[PDB]
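**Q**
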Amino acid sequence: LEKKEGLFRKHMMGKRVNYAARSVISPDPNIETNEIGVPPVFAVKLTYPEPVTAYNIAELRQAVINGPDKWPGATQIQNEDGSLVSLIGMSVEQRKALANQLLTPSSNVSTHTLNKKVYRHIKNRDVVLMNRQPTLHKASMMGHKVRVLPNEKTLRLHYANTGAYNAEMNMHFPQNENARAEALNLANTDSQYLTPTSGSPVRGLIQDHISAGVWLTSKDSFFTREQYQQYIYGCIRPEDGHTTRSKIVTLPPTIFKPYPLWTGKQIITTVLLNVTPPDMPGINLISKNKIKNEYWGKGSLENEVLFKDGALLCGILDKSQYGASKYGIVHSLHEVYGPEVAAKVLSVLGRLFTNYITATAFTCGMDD
Amino acid sequence: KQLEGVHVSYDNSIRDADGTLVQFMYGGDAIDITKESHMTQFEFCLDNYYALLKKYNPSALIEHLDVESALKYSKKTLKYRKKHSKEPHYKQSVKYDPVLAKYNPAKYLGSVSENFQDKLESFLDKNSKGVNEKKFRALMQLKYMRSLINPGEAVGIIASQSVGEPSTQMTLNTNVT
Amino acid sequence: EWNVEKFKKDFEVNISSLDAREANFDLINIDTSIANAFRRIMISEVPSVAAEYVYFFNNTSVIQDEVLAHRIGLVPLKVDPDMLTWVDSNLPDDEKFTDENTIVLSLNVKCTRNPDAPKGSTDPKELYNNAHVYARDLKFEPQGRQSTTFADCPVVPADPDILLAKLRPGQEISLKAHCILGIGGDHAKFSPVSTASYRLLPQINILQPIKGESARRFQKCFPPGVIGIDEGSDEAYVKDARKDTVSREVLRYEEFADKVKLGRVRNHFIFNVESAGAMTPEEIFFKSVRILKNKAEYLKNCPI
Amino acid sequence: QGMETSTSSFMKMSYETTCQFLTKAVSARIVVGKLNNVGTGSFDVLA
Amino acid sequence: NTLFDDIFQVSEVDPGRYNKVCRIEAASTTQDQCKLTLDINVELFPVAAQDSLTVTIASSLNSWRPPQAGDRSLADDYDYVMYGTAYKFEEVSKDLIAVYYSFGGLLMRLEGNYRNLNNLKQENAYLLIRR
Amino acid sequence: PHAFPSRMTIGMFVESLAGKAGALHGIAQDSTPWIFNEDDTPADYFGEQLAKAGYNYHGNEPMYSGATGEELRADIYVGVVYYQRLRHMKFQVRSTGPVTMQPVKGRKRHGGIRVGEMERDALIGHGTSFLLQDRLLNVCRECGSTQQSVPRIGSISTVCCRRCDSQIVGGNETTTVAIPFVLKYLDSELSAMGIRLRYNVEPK
Amino acid sequence: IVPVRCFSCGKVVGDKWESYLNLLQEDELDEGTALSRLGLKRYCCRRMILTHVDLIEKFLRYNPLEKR
Amino acid sequence: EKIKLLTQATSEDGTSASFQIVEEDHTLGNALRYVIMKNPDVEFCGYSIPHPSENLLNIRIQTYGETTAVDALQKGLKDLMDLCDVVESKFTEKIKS
Amino acid sequence: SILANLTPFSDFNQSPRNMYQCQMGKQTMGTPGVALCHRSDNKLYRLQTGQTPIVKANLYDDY
Amino acid sequence: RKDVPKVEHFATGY
Ligand SMILES: [Zn+2]
Ligand SMILES: [Zn+2]
């Protein structure tokens, strides 16, 4: 009840919380933009109280067997009310023949509705909140899906979120399905592609991928059938649900004789063709990039990009086209197909430029 | 702390928990500041027309709304405005209110802001044409209806953040404060 | 229609500088995919032996126990990998080790000043006995069948002259190691190869006829054993491509910028394989290719 | 100077000068733990 | 089937900060108005200035597959074949219409007259070049 | 390489160049400010040494990728530089444990993390009401402002609120409600403060 | 504290510290020729012998088990 | 086991499928992709890695029909087996010289 | 300053970066000394190895 | 001013 350290601004307008964690951030392009890097130490630590139904009995009948030992597991059970039978001080044999019968027969009718509940380790499907102080704007806090990496202990986020978080940070893990739905549908990063300050986008690839795009989409790029197919598959990975076509589709080579060849712009075109949902026309777009034509010599019209029915035909990508800029190609793709498709496109571009830059690296030297 | 409670009502006005109104509209347009980047991007909207038509599924958006009344009111209002857009601010009367005040902008099609109508007409007055203007206007108005703030937003909180957070990097150094 | 027979007909090898320590063979008419696969298999997958699971009975030296253990682990041994067996790693420690799956080393050195020391001497050897600890101080006390098997194969460090630690009077070290088979990827200590890289054969495409003293200065830019001078017409020409490191020194000079394009052939890999004393480069290369074959066969045989 | 006329005094108390405003009384959903009235709380559900 | 054919006297070739592709200042010999601008990679098809080359635009060659045994096409009769679509039609002046083609970034600008360029239309159009 | 255009540290490049030259020739390279005039550019000075050593004049050493095994597009700028390790080596996590009944403060004390006022504002700004409730959480019926739960012999626990056998004299109107436990501390502090308000307890 | 194994490449150089010292001191040479005769070609190896502060001599004479 | 097929992205006829391999990396992936793409029957072939920390390799094969992608796999490995077998004999001979 | 002179080619960097280097050097995992056998203290942060700078500034040895 | 005084690599297998 004091000026600035009073009971209000210290225990009523803000509190310490349970089921939360804090660490430092290690960027990782190899994860989906709506996902986060959860070390296995957190996985055995953070648990979620989830009741046992008649459809997910086995999925938890083995999580109890795992226990705190191996992820995914079960820290403890919540038999009836309270009675938190712990599993840390339990043998594997003890957990066997005991946690097998989670759906016990009718014992008593005093509480005949709440069957049973089992705390379980955090799995990939879940969602957590991420906050980086100072939380200057609401965009500084979002939600992300779980990606349990059996690797070293630090948090991993995609490079796109750097523009939003302005990037160590904290993690919040709710236990109620209402909060789960709120995070996954209202607080999820994909739903927040734009900022209410001026309506401009804030999320996109930043520096390495920008340079990679500039080098790849230039007219001086050509790829054989092997390279083209490899880039497309590595960028897409349809088996992870990226595309619903259930079979990747390619494009005719831009050159047949003397031998087949493709082009980086054609790579972008087939990327869009794969990610764009079927039964839908392609994107038509006209805009300009940040590079003047004269930087490519006479007779070049590369300053202006010209999409047509979901196919790049002129110009090159840039920070303006993709990244964090208004009226860009990614911005228009958002406008047309919703935010989810734009987020998937950004993730696919991040994966592509990463794989491409490994094949031909980018470097600055004293000669420059 | 001052605006922790102000939120968008189910009605177009903005009311706190007590219900006191701050403003009947949201800036006079009721358009969500997020889903409004390409409201005036008429060329891009015209392109990918079929994609936009598929995303704003018009087959399902006819059994729960009507258009003709609001459209007629808007036509009369624009006609009168164009008739008397020359005389000064203090000599003008109010023969007809702007459409948003008259009708629920989110339930009656064609219920759009004044400047939106002016810019849409200015763009459509360019010839060069699927390309039917009678359906292009319908799609644009459907998008405008779909670009409205949901009841229950944290506007006010959003306004405070949009004023404060950008001010951190607003100015450092070099008469008026 | 590419085929195994076509590959066999086109493929050829050129061993250049085979040695008991280093190899410099060439690969011709093969794809960068297979070349890099061999490179990676040699560097990482090829099994080898190095010390780990070190047990300390006593140590008081300046060098810490962890540092000393790591230093000992980073030692090249001599026993061939194909004399030892892997460890299940999910066994009790007594059952974790047998005669044929590990070897044992002991150090147990003690240092004390020798009174007989020349006046005004700073050499640690003269000032104190056991002043320095070397690799050769490591013994290989065998167990069971190891005594019979290693009769002609005494387990000695591949480099007995390395300096494990320095001591002082009243300073003693006593430990006990346990070397096992390595897989390289687990830890660089299990690296049978110092480096197994390769370089593509440089290609020099001379366009203009380079003649006169201007040809001589062109000769100067490259390493001496690369460019040749045609005595018949005072013409510069390529004598040995392998002799050239990719220097691009000519590109600096404006006169020769248009006269030559510094290309590089794409099916001529100049392999260069150093090694530790465990195995010869030829043996490790054969191990690598057989490992790749075993990988392919296992992948084929395991059902889906 | 502006917080005075606000009806609910819990916000005034949470703001500066928690003392004077408490006397005149003789965010709130946060204080009592009541479900908020914005977003998913700006309405109710049943059935 | 073919839709356009002529021989162009390449006036000038310029790479322009490009390692592979180069601008082509093509110009038809028969017509006094047909002019062509194109960029192709000289690595797979070297081109010099003051040269005459065969240019033909085809609607097909008689889903894509690498070539097999017993395959025939206009590509076989030609030398260097590119595939792409047109994107822009312009009325330069009376009896002067320019057609813009793009081949995976490699843009082609073709200029002429209605009666000769009438066959051209916005669709996929193989471009075939022979020495 | 993208660090340099913003950072603008040409010293890193010059150190790499001179470090390669020194590591090759065996000599030690001196880096003293104001010894290289523009006519004595250190780039040229170390390039001469690298050329005489037989390496790339600009330090661009050709390299091959480690995954594909193919040559990279351009020669990589590689050299030797001096690198220092810092002591800033942090992670914290809790589920239950130490605890106004709020969790204790401190990484080393198994504490939690405070959800600040700006964090609460961000919770509101998204409109995620249940999320705010879970991040900030998870009574006398007649008086409406406690005292209960004193079973006597074998009866269940009842209420005997003095502010209010069966109801002795106290009252028998009190049922469980969900509230933060900072509220009881606030109530007691106000009771000592001598201030009470008509806390309108909602009905069943 | 001579690095036993080359950090970058992996060529063993621990044995070569004493030899380097002898070649530098007993016979009059320079560091480049000393490393050449010692048998180091790549600078990834040449580092750990050209620059290695022998902080065992200074660090060692503070023995606690011997009278000063 | 070490190799598995992804029924999520498989085709009904089996002409297109994707496989997941454990304990592999670019080393095996690039070589196997090369060998499989040597076969003219397959239409699409490529390898992918879920995440570098995980030692998992994902390979997808899309034939031109008439051949099960499973058969195209074992066809490639057998060719790979011979491909890494010809070098041994070729390398051994040069040792003799 | 002494530490400022220890920075190689300070005349080619940006002054904020020079200041960052000066502040960072005092945060290093340093070599506290050699008497660490008996220097009982709260924290030392001893780096096990270490090498002279191949590009060492002059006066690095003079100090 | 006097300039900084001057000072007065094989392929694999060579
Ligand atoms: Zn009461
Ligand atoms: Zn080395």
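Residue numbers (PDB author numbering), protein chains in the order written: chain W, 460 to 626, 632 to 832; chain P, 1025 to 1153, 1160 to 1204, 1214 to 1216; chain B, 30 to 333; chain Z, 1601 to 1626, 1638 to 1658; chain V, 3 to 64, 78 to 146; chain U, 951 to 1039, 1043 to 1052, 1056 to 1094, 1103 to 1109, 1113 to 1131, 1155 to 1158, 1168 to 1203; chain G, 2 to 69; chain H, 45 to 141; chain S, 698 to 760; chain A, 157 to 164, 170 to 175.
C-beta: ideal position from N, C-alpha, C; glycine also.
Anything in the stretch 32-49 of chain V with a Cβ closer than 9 Å to a Cβ of chain W? List those residues in chain order, please.
**A** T39, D41, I42, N43, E45, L46 and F47
**Q** With distances taken from each beta carbon to the nearest heavy atom of ligand 1, which residues come in below 6 Å, in chain order?
**A** U:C1104, U:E1106, U:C1107, U:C1128, U:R1130, U:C1131 and U:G1170
**Q** Quick check on the burial criterion: 16 or more other C-beta atoms within 10 angstroms. Buried or exposed for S664 (chain W)?
**A** exposed
**Q** Looking at the structure shown, is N559 (chain W) part of a helix, part of a strand, or coil, going by DSSP?
**A** In this structure, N559 (chain W) counts as coil in the three-state DSSP scheme.
**Q** Thinking C-alpha only, which one of B:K205, B:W31, B:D181 and B:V104 is nearest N58 (chain B)?
**A** B:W31
**Q** Rounded C-beta distance between residue 1211 (chain P) and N1648 (chain Z)? I'm assuming under 8 Å.
**A** Within chain P, residue numbering steps from 1204 directly to 1214, and residue 1211 (chain P) belongs to the interval with no atoms modelled.
**Q** What residues sit near ligand 2, counting only those whose C-beta is closer than 5 Å to one of its heavy atoms, in chain order?
**A** G:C7, G:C10, G:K12, G:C45 and G:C46
**Q** Are there 16 or more other CB atoms within 10 angstroms of the CB of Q656 (chain W), so buried, or fewer, so exposed?
**A** buried
**Q** Hey, would you say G306 (chain B) sits closer than 7 Å to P76 (chain B), going by beta carbons?
**A** No, the Cβ-Cβ distance between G306 (chain B) and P76 (chain B) is not below 7 Å.
**Q** Would you check if the distance between the CB atom of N493 (chain W) and the CB atom of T653 (chain W) is smaller than 7 Å?
**A** yes
**Q** Going by alpha carbons, who is nearest to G214 (chain B) out of B:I320, B:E74, B:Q248 and B:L167?
**A** B:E74
**Q** The alpha helix (DSSP H) spanning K154 (chain B) covers which residue range?
**A** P153 to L156
**Q** Could you check whether the Cβ of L291 (chain B) sits closer than 7 Å to any Cβ belonging to chain H?
**A** Any Cβ of chain H closer than 7 Å to the Cβ of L291 (chain B) would place that residue at the interface, and such an atom is absent.
**Q** Around the C-beta of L120 (chain B), are 16 or more other C-beta atoms found within 10 angstroms, so that it is buried, or is it exposed?
**A** exposed
**Q** If you follow the alpha helix (DSSP H) that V1642 (chain Z) is in, where does it begin and where does it stop?
**A** Its alpha helix (DSSP H) spans residues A1639 to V1643.
**Q** Looking at the structure shown, is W726 (chain W) part of a helix, part of a strand, or coil, going by DSSP?
**A** strand
**Q** For the stretch 47-78 of chain B, enumerate the residues whose C-beta is nearer than 8 Å to any C-beta of chain U, in chain order.
**A** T61, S62, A64, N65, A66, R68 and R69
**Q** With a cut-off of 7 Å, does the C-beta of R957 (chain U) fall near any C-beta of chain S?
**A** yes
**Q** Within its chain, find whatever has a CB closer than 8 Å to the CB of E1020 (chain U); leave out the 5 residues flanking it on each side and keep chain order.
**A** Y1014
**Q** Okay, do the stretch 41-60 of chain G and the stretch 972-989 of chain U touch, 3+ Cβ pairs below 8 Å being the bar?
**A** yes
**Q** Could you tell me whether the stretch 1610-1624 of chain Z touches the stretch 1169-1182 of chain U, where touching means 3 or more Cβ pairs closer than 8 Å?
**A** no
**Q** Return the CA-CA distance between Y624 (chain W) and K1153 (chain P), expressed in angstroms with no decimal places.
**A** 45 Å
**Q** Near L1172 (chain P), which residues of its chain fall below 8 Å by C-beta distance, leaving aside the five closest residues on each side in sequence?
**A** Within the same chain, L1172 (chain P) has close Cβ partners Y1080, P1082, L1085 and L1133.
**Q** Below 8 Å on the Cβ atoms is my contact criterion, and I expect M744 (chain W) with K1078 (chain P) to pass it. Report the Cβ-Cβ distance as a whole number of Å.
**A** 6 Å
**Q** Between which residues of its own chain and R1640 (chain Z) is the CB-CB distance below 6 Å, once the five residues before and five after are set aside?
**A** Hits under 6 Å: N1647.
**Q** Quick check: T52 (chain G) and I751 (chain S), are their CB atoms within less than 7 Å of each other?
**A** The Cβ atoms of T52 (chain G) and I751 (chain S) sit closer than 7 Å to each other.
**Q** Check the C-beta distance from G119 (chain V) over to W726 (chain W) and give it rounded, since I have them as a contact under 8 Å.
**A** 7 Å
**Q** Starting from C24 (chain V), follow the alpha helix (DSSP H) in both directions and report where the run begins and ends.
**A** Not the alpha helix (DSSP H): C24 (chain V) falls in the beta strand (DSSP E), residues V23 to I26.
**Q** Closest Cβ-Cβ distance between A1075 (chain P) and chain W: below 7 Å?
**A** yes
**Q** First and last residue of the alpha helix (DSSP H) that includes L1000 (chain U)?
**A** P992 to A1003
**Q** For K37 (chain B), return the contacting residues in chain H, with the cut-off set at a CB-CB distance below 8 Å.
**A** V130 and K134
**Q** List, in order along the chain, the chain U residues whose C-beta lies closer than 7 Å to that of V1649 (chain Z)?
**A** Here the neighbours are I1080, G1083 and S1085.
**Q** Note down the Cα distance separating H207 (chain B) from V1028 (chain U), rounded to an integer number of angstroms.
**A** 39 Å
**Q** Does any residue of chain G bring its CB to less than 7 Å from the CB of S220 (chain B)?
**A** Between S220 (chain B) and chain G, the shortest Cβ-Cβ separation is below 7 Å.
**Q** In this structure, does DSSP put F1066 (chain P) in helix, strand or coil?
**A** helix
**Q** Using a Cβ cut-off of 9 Å, which residues of the stretch 954-983 of chain U contact any Cβ in chain G, in chain order?
**A** Using a CB distance below 9 Å, the part of the stretch 954-983 of chain U facing chain G consists of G969, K970, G972, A973, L974, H975, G976, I977 and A978, ordered along the chain.
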